[PDB]
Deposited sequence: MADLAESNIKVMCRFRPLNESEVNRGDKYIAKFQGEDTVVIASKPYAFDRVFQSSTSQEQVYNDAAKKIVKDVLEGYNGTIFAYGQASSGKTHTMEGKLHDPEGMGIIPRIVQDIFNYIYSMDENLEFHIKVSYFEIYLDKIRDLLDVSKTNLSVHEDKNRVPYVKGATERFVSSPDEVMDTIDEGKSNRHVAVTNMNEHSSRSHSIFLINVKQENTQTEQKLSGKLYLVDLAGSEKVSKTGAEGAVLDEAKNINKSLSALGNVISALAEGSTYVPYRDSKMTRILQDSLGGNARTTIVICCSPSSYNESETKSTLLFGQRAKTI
C-alpha cells in the first residue's frame, strides 16, 4: 500500500580493526540483520560484499524508470557519521563500479534520453536546497536563505523562489551538486541540515505531442543527535526527523490521515512520498562494536517505515 521500501547497508570494517573492534552483526538471509540477539527485518539488507551497482539496482533503478514514465519518487539517505552514507549516495565521481547512487541515477537518465533521441524531447530542471534550523535555504543562490513551501490549485507542492537550473549533461548535473555542497551547513564533517536535491524530468512526445513530467527527490538526512547554536541544530534536526518519521510511519501502517503539514520537508515531499509515489529509504550502518547504539539507533528509525 504505502510504497516505501527500507533497505539497510552495512559497510566493510576498516584501519578500524586496530582499535580492537568486533563485527557485532549477523545476517539471517538477505532481509534481516541480528544485533544483540534482536532481529531487524527490512526489504533488503546489503552485506559488506554488496557492490555499488547492485545497491543502485535494488534501491533506486526502478524509481528512476518510473520518473522517466511520468511518476514521482523519493530516495532517502540516513546514517550516523562514517556509516557509509556518502560512499553509498555519492561514491567515487568518475569510477563506474565505483560510483554511488546519485551518479548512477544521472547516467540512467541521460542514457535513456540519448537512446530516445527525436520522438522524445527533454527538459531537466534541477533544484537544490537544505532544511537548516527549520528554514528552507537555496544551495544555488546563497542570497535565498529563507524560502517557503506552498500548494497550487491542484494541491501540488512547490518551494517559492527556489532556483531551477536547466541541465543537458551528466557533468552539468554534477557541477550543480558540487556548487550546492559547497554551501551546505557542516560542523565538527557532520551535515547539521537535511539536503534535498530535485531532478524534474519534463518530456514531450514528438509523434503524439503529449507531455510527461516527473519529480525525483534525493534526500540526504542529517543523523539524530543526543546532546548554543549547535543545540538549536540538534533539536531542529531531531524534531524534523520525528516529523518525517510520523509521516513515514502513518503511510506504512495505512493511516487515512497522514501528517504532511507538521514539517516543511514533508510538505515539500507530499507529492513524492506516499500515494502513487515510489520511495526507497537507504539506511547506512557501521558494523563495529564501537557504534552499536548508533546502528541500533539507525535501525529503529528504518523500522518506522517498515509495514
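Q: No C-alpha coordinates anywhere in a stretch? Then put that deposited-sequence range on the list, in order along the chain.
A: Residues missing from the model, as numbered along the full deposited sequence, span 1-5, 20, 195-199, 239-244, 325.
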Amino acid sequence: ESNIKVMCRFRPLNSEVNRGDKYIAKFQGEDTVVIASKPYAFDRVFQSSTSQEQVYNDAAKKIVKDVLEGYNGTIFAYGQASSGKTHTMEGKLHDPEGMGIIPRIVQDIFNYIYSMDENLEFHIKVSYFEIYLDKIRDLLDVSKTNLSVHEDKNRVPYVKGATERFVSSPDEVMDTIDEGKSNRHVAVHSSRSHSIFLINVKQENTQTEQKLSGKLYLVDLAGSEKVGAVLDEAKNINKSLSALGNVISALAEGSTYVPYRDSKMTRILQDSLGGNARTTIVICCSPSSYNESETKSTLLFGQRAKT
From here on, numbers count along this sequence of modelled residues.
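Q. Out of 193-201 and 92-100, which one has CA B-factors that are higher on average in the deposited record?
A. The recorded data point to 92-100.
Q. Which of the two stretches, 218-226 or 78-86, shows the higher mean Cα temperature factor in the record?
A. For C-alpha atoms only, the mean B-factor is higher in 78-86.
Q) Per the coordinate record, which of the options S48, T280, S240, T256 holds the highest CA temperature factor? A) Largest recorded C-alpha B-factor: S48.
Q.
Can you tell me whether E233 has a C-alpha B-factor in the lowest, middle or highest third compared with the other modelled residues of the same chain?
A. Highest third of the chain for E233's C-alpha B-factor.
Q) Among the chain's modelled residues, which third holds the C-alpha B-factor of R267? A) It falls in the bottom third of the chain.
Q | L120 by Cα B-factor - lowest, middle or highest third of the modelled chain | A | Answer is highest: the recorded C-alpha B-factor places it there.
Q.
Splitting the chain's C-alpha B-factors into thirds, which one does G245 fall into?
A. Its C-alpha B-factor belongs to the lowest third of this chain's values.
Q: Could you tell me which third, lowest, middle or highest, the C-alpha B-factor of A60 occupies within its chain?
A: Its C-alpha B-factor belongs to the lowest third of this chain's values.
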